[PDB]
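Undergrad: Once you've had a glance at the structure underneath, I'll fire off some questions.
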Protein chains: 2
Amino acid sequence: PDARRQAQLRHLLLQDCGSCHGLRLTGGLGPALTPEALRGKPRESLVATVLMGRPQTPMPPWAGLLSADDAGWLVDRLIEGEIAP
Amino acid sequence: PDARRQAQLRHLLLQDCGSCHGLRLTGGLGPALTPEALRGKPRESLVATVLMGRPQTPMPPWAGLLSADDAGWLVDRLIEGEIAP
Ligand code: HEC
Ligand code: HEC
């Protein structure tokens, strides 16, 4: 499948397959962003990490693209677990 | 963030953030499709399940919408932990 098709297939993976099979950020190079792994951590601490990143790690700063509202919204979604598109 | 923006953030989370933070299809009502859960099952078996579903379950068949290559690609993504590009 070509790049255009790959994109259509990732969408299907996230919307249709993910509906029944669920979606979770179980962690790879970076830590898990599951509600269980973020339990009890100050919310503003997680928003800070998103906006400014973590120096000397692969976690980049997203302030270049995300406002403080955007980062807080994402963090709320990670805390709830409701990451489904 | 407004309607259109929340969607951008959901997409960003699933396809950009999910690469490092390990997006997986698991935690839903349906079974886990993580690499750990598919480790022993043959690829052609999983591809068959995608194309033909599993009778007497809600796992539907996808052959009409997906070619054999499409299904094999999807399975590779499940196996290789590459739901985010
Ligand atoms: C609910 C309507 C589902 C949707 C939509 C999708 N899947 Fe599914 N899947 C579902 C169930 C209840 C089961 C288990 C069936 C059983 O009792 O054995 C499955 C199973 C699979 C498997 C097989 C996993 C295994 O261990 O053999 C695969 C490979 C799979 N599902 C993939 C898959 C894909 C790619 C989907 C989107 C195209 C998809 N499923 C949707 C429930 C549902
Ligand atoms: C690889 C290039 C990454 C991408 C892209 C994103 N994240 Fe990340 N993240 C990554 C690493 C290696 C780490 C750990 C850094 C360290 O100090 O060891 C992180 C960390 C986070 C955290 C903190 C989690 C915690 O338990 O405190 C969060 C909340 C986080 N990252 C969020 C996040 C978001 C929202 C991203 C997309 C906008 C994103 N990360 C991308 C690696 C990578």
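By order in the structure tokens, chains are A, B, ...; within a chain, residues start at 1; ligands start at 1, following the order shown.
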Taking only C-alpha atoms and all ligand atoms into account, which residues have an atom no farther than 10 Å from ligand 2? I'd like them as a PyMOL selection string.
TA: (chain A and resi 27-34+37-39+41-51+53-63+65-66+70-75+77-79) or (chain B and resi 9-22)
Undergrad: Could you write out chain B as a PDB file with C-alpha atoms, in the first residue's frame once it has been least-squares superposed on chain A using every ordered C-alpha pair?
TA:
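Just written: superposed.pdb:
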ATOM      1  CA  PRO B   1      -3.860  -2.175  -0.267  1.00  0.00           C
ATOM      2  CA  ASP B   2      -1.903   0.616  -1.958  1.00  0.00           C
ATOM      3  CA  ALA B   3      -0.071   3.565  -0.399  1.00  0.00           C
ATOM      4  CA  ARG B   4      -3.019   5.926   0.071  1.00  0.00           C
ATOM      5  CA  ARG B   5      -5.226   3.080   1.310  1.00  0.00           C
ATOM      6  CA  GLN B   6      -2.757   1.843   3.933  1.00  0.00           C
ATOM      7  CA  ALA B   7      -2.895   5.345   5.418  1.00  0.00           C
ATOM      8  CA  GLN B   8      -6.697   5.288   5.608  1.00  0.00           C
ATOM      9  CA  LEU B   9      -6.522   1.936   7.387  1.00  0.00           C
ATOM     10  CA  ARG B  10      -3.899   3.232   9.825  1.00  0.00           C
ATOM     11  CA  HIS B  11      -6.098   6.241  10.580  1.00  0.00           C
ATOM     12  CA  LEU B  12      -9.195   4.062  10.964  1.00  0.00           C
ATOM     13  CA  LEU B  13      -7.316   1.729  13.309  1.00  0.00           C
ATOM     14  CA  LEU B  14      -6.016   4.512  15.533  1.00  0.00           C
ATOM     15  CA  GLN B  15      -9.067   6.783  15.790  1.00  0.00           C
ATOM     16  CA  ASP B  16     -12.085   4.488  15.236  1.00  0.00           C
ATOM     17  CA  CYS B  17     -10.962   1.007  16.307  1.00  0.00           C
ATOM     18  CA  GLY B  18      -8.790   2.447  19.079  1.00  0.00           C
ATOM     19  CA  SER B  19     -11.761   3.855  20.995  1.00  0.00           C
ATOM     20  CA  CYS B  20     -13.261   0.501  21.981  1.00  0.00           C
ATOM     21  CA  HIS B  21      -9.931  -1.359  21.860  1.00  0.00           C
ATOM     22  CA  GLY B  22      -8.193   1.162  24.110  1.00  0.00           C
ATOM     23  CA  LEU B  23      -5.494   3.031  22.217  1.00  0.00           C
ATOM     24  CA  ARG B  24      -2.848   4.310  24.633  1.00  0.00           C
ATOM     25  CA  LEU B  25       0.541   6.017  24.430  1.00  0.00           C
ATOM     26  CA  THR B  26       2.753   3.318  25.927  1.00  0.00           C
ATOM     27  CA  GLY B  27       5.273   0.689  24.904  1.00  0.00           C
ATOM     28  CA  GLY B  28       7.720   3.085  23.257  1.00  0.00           C
ATOM     29  CA  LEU B  29      11.239   3.908  24.342  1.00  0.00           C
ATOM     30  CA  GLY B  30       9.746   6.778  26.348  1.00  0.00           C
ATOM     31  CA  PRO B  31       7.645   6.409  29.475  1.00  0.00           C
ATOM     32  CA  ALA B  32       4.038   5.286  29.615  1.00  0.00           C
ATOM     33  CA  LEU B  33       1.423   8.042  29.335  1.00  0.00           C
ATOM     34  CA  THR B  34      -1.499   5.792  30.283  1.00  0.00           C
ATOM     35  CA  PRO B  35      -4.073   6.770  32.928  1.00  0.00           C
ATOM     36  CA  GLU B  36      -2.619   4.188  35.313  1.00  0.00           C
ATOM     37  CA  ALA B  37       0.863   5.713  34.995  1.00  0.00           C
ATOM     38  CA  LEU B  38      -0.286   9.329  35.486  1.00  0.00           C
ATOM     39  CA  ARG B  39      -2.761   8.576  38.270  1.00  0.00           C
ATOM     40  CA  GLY B  40      -0.946  10.358  41.094  1.00  0.00           C
ATOM     41  CA  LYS B  41       0.692  13.208  39.220  1.00  0.00           C
ATOM     42  CA  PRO B  42      -0.973  16.654  39.336  1.00  0.00           C
ATOM     43  CA  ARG B  43      -2.461  17.959  36.106  1.00  0.00           C
ATOM     44  CA  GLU B  44      -0.522  21.236  36.187  1.00  0.00           C
ATOM     45  CA  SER B  45       2.719  19.267  36.543  1.00  0.00           C
ATOM     46  CA  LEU B  46       2.045  17.234  33.402  1.00  0.00           C
ATOM     47  CA  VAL B  47       0.903  20.358  31.547  1.00  0.00           C
ATOM     48  CA  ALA B  48       4.121  22.098  32.582  1.00  0.00           C
ATOM     49  CA  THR B  49       6.145  19.143  31.294  1.00  0.00           C
ATOM     50  CA  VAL B  50       4.357  19.393  27.940  1.00  0.00           C
ATOM     51  CA  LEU B  51       4.904  23.141  27.629  1.00  0.00           C
ATOM     52  CA  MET B  52       8.481  23.128  28.960  1.00  0.00           C
ATOM     53  CA  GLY B  53       9.698  19.580  28.395  1.00  0.00           C
ATOM     54  CA  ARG B  54      12.107  17.998  30.850  1.00  0.00           C
ATOM     55  CA  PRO B  55      15.673  19.369  30.779  1.00  0.00           C
ATOM     56  CA  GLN B  56      18.427  16.806  30.244  1.00  0.00           C
ATOM     57  CA  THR B  57      16.001  14.465  28.470  1.00  0.00           C
ATOM     58  CA  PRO B  58      14.654  14.092  24.922  1.00  0.00           C
ATOM     59  CA  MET B  59      11.195  15.193  26.124  1.00  0.00           C
ATOM     60  CA  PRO B  60      10.970  18.465  24.162  1.00  0.00           C
ATOM     61  CA  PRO B  61       9.024  21.626  24.987  1.00  0.00           C
ATOM     62  CA  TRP B  62       5.851  22.261  23.016  1.00  0.00           C
ATOM     63  CA  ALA B  63       4.774  25.741  24.152  1.00  0.00           C
ATOM     64  CA  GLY B  64       5.629  27.450  20.866  1.00  0.00           C
ATOM     65  CA  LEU B  65       3.380  25.090  18.914  1.00  0.00           C
ATOM     66  CA  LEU B  66       0.785  24.593  21.681  1.00  0.00           C
ATOM     67  CA  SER B  67      -1.176  27.021  23.825  1.00  0.00           C
ATOM     68  CA  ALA B  68      -1.828  26.336  27.497  1.00  0.00           C
ATOM     69  CA  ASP B  69      -5.309  25.111  26.558  1.00  0.00           C
ATOM     70  CA  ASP B  70      -3.878  22.811  23.881  1.00  0.00           C
ATOM     71  CA  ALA B  71      -1.551  21.206  26.430  1.00  0.00           C
ATOM     72  CA  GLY B  72      -4.296  20.842  29.030  1.00  0.00           C
ATOM     73  CA  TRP B  73      -6.502  19.172  26.433  1.00  0.00           C
ATOM     74  CA  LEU B  74      -3.750  16.733  25.445  1.00  0.00           C
ATOM     75  CA  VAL B  75      -3.201  15.889  29.116  1.00  0.00           C
ATOM     76  CA  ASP B  76      -6.920  15.267  29.637  1.00  0.00           C
ATOM     77  CA  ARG B  77      -6.832  12.780  26.754  1.00  0.00           C
ATOM     78  CA  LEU B  78      -3.883  10.950  28.315  1.00  0.00           C
ATOM     79  CA  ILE B  79      -5.541  10.911  31.735  1.00  0.00           C
ATOM     80  CA  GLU B  80      -9.040   9.969  30.563  1.00  0.00           C
ATOM     81  CA  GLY B  81      -7.910   7.304  28.084  1.00  0.00           C
ATOM     82  CA  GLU B  82      -9.347   9.227  25.121  1.00  0.00           C
ATOM     83  CA  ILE B  83      -6.643   9.220  22.461  1.00  0.00           C
ATOM     84  CA  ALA B  84      -9.185   7.812  20.045  1.00  0.00           C
ATOM     85  CA  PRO B  85     -12.237  10.109  19.941  1.00  0.00           C
TER      86      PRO B  85
END
Undergrad: So which bits of chain A end up alpha helix (DSSP H) when you DSSP the backbone, as a PyMOL selection string?
TA: chain A and resi 3-12+18-21+43-52+68-80
Undergrad: Can you write out the residues you just picked, keeping N, CA, C and O atoms, as a compact mmCIF listing (two decimals), in the first residue's frame?
TA:
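Below is the file out-v1.txt, written as the result:
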# COMPACT_ATOMS: atom_id res chain seq x y z
N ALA A 3 1.65 5.50 0.46
CA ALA A 3 1.57 6.37 1.63
C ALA A 3 0.15 6.87 1.87
O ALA A 3 -0.31 6.93 3.02
N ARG A 4 -0.55 7.24 0.80
CA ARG A 4 -1.93 7.67 0.94
C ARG A 4 -2.79 6.57 1.55
O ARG A 4 -3.64 6.84 2.41
N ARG A 5 -2.58 5.33 1.12
CA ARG A 5 -3.35 4.21 1.67
C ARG A 5 -2.96 3.95 3.12
O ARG A 5 -3.83 3.72 3.97
N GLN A 6 -1.66 3.97 3.43
CA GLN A 6 -1.21 3.80 4.81
C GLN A 6 -1.94 4.76 5.74
O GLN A 6 -2.30 4.39 6.87
N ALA A 7 -2.14 6.01 5.30
CA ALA A 7 -2.82 6.98 6.15
C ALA A 7 -4.28 6.59 6.36
O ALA A 7 -4.80 6.69 7.47
N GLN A 8 -4.95 6.15 5.29
CA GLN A 8 -6.33 5.68 5.43
C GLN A 8 -6.41 4.47 6.35
O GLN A 8 -7.40 4.31 7.07
N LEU A 9 -5.38 3.62 6.36
CA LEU A 9 -5.40 2.44 7.21
C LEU A 9 -5.10 2.78 8.67
O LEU A 9 -5.66 2.14 9.57
N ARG A 10 -4.23 3.76 8.93
CA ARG A 10 -4.03 4.19 10.31
C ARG A 10 -5.31 4.77 10.89
O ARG A 10 -5.64 4.52 12.05
N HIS A 11 -6.04 5.55 10.09
CA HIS A 11 -7.31 6.09 10.56
C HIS A 11 -8.25 4.96 10.96
O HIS A 11 -8.81 4.97 12.06
N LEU A 12 -8.43 3.98 10.07
CA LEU A 12 -9.28 2.84 10.40
C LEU A 12 -8.83 2.18 11.70
O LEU A 12 -9.65 1.83 12.55
N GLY A 18 -9.96 0.56 17.04
CA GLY A 18 -9.76 1.03 18.40
C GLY A 18 -11.03 1.08 19.21
O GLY A 18 -10.99 0.99 20.44
N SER A 19 -12.18 1.21 18.54
CA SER A 19 -13.45 1.24 19.26
C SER A 19 -13.64 -0.01 20.12
O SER A 19 -13.90 0.08 21.32
N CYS A 20 -13.49 -1.19 19.51
CA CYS A 20 -13.67 -2.43 20.25
C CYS A 20 -12.40 -2.84 20.99
O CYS A 20 -12.46 -3.30 22.13
N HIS A 21 -11.24 -2.69 20.35
CA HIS A 21 -9.98 -3.15 20.92
C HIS A 21 -9.32 -2.12 21.83
O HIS A 21 -8.30 -2.43 22.45
N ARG A 43 -1.13 17.98 38.00
CA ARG A 43 -1.56 18.20 36.62
C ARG A 43 -0.70 19.26 35.95
O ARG A 43 -0.26 19.10 34.81
N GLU A 44 -0.45 20.38 36.65
CA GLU A 44 0.37 21.44 36.07
C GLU A 44 1.79 20.97 35.80
O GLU A 44 2.48 21.56 34.96
N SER A 45 2.25 19.93 36.49
CA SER A 45 3.56 19.36 36.19
C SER A 45 3.56 18.67 34.82
O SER A 45 4.54 18.76 34.08
N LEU A 46 2.47 17.98 34.48
CA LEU A 46 2.39 17.32 33.19
C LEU A 46 2.24 18.33 32.06
O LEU A 46 2.78 18.13 30.97
N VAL A 47 1.51 19.41 32.31
CA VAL A 47 1.40 20.46 31.30
C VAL A 47 2.74 21.15 31.10
O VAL A 47 3.11 21.50 29.97
N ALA A 48 3.49 21.36 32.18
CA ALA A 48 4.81 21.96 32.05
C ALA A 48 5.72 21.11 31.19
O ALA A 48 6.46 21.63 30.34
N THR A 49 5.69 19.79 31.39
CA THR A 49 6.54 18.90 30.60
C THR A 49 6.20 18.97 29.12
O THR A 49 7.08 18.87 28.26
N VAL A 50 4.91 19.14 28.80
CA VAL A 50 4.50 19.19 27.40
C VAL A 50 4.96 20.49 26.75
O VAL A 50 5.45 20.50 25.61
N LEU A 51 4.82 21.61 27.46
CA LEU A 51 5.10 22.91 26.85
C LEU A 51 6.60 23.15 26.70
O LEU A 51 7.03 23.77 25.71
N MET A 52 7.41 22.68 27.65
CA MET A 52 8.83 22.97 27.67
C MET A 52 9.70 21.73 27.51
O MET A 52 10.93 21.86 27.42
N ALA A 68 -1.05 27.00 26.36
CA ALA A 68 -1.28 26.40 27.66
C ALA A 68 -2.66 25.75 27.74
O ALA A 68 -2.85 24.79 28.49
N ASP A 69 -3.63 26.27 26.99
CA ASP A 69 -4.93 25.63 26.91
C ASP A 69 -4.83 24.28 26.21
O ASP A 69 -5.36 23.28 26.69
N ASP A 70 -4.14 24.24 25.07
CA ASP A 70 -3.98 23.00 24.33
C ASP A 70 -3.32 21.93 25.20
O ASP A 70 -3.82 20.80 25.30
N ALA A 71 -2.20 22.27 25.84
CA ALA A 71 -1.48 21.28 26.64
C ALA A 71 -2.33 20.79 27.80
O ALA A 71 -2.30 19.61 28.16
N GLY A 72 -3.10 21.69 28.41
CA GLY A 72 -3.98 21.28 29.50
C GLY A 72 -5.08 20.35 29.02
O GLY A 72 -5.43 19.38 29.70
N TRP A 73 -5.65 20.64 27.85
CA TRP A 73 -6.68 19.77 27.30
C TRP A 73 -6.14 18.36 27.09
O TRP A 73 -6.72 17.38 27.56
N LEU A 74 -5.02 18.24 26.37
CA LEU A 74 -4.39 16.94 26.19
C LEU A 74 -4.18 16.23 27.52
O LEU A 74 -4.56 15.07 27.69
N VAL A 75 -3.58 16.93 28.48
CA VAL A 75 -3.29 16.32 29.78
C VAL A 75 -4.58 15.82 30.42
O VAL A 75 -4.60 14.74 31.02
N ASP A 76 -5.66 16.58 30.31
CA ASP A 76 -6.94 16.11 30.82
C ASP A 76 -7.35 14.81 30.14
O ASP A 76 -7.80 13.87 30.79
N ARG A 77 -7.19 14.74 28.81
CA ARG A 77 -7.53 13.53 28.08
C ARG A 77 -6.68 12.35 28.54
O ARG A 77 -7.17 11.22 28.66
N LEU A 78 -5.39 12.59 28.78
CA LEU A 78 -4.52 11.52 29.26
C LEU A 78 -4.93 11.07 30.66
O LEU A 78 -4.88 9.88 30.98
N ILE A 79 -5.34 12.02 31.51
CA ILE A 79 -5.74 11.68 32.87
C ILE A 79 -7.05 10.88 32.85
O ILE A 79 -7.20 9.90 33.59
N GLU A 80 -8.01 11.29 32.01
CA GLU A 80 -9.25 10.53 31.90
C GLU A 80 -9.03 9.17 31.25
O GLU A 80 -9.73 8.21 31.59
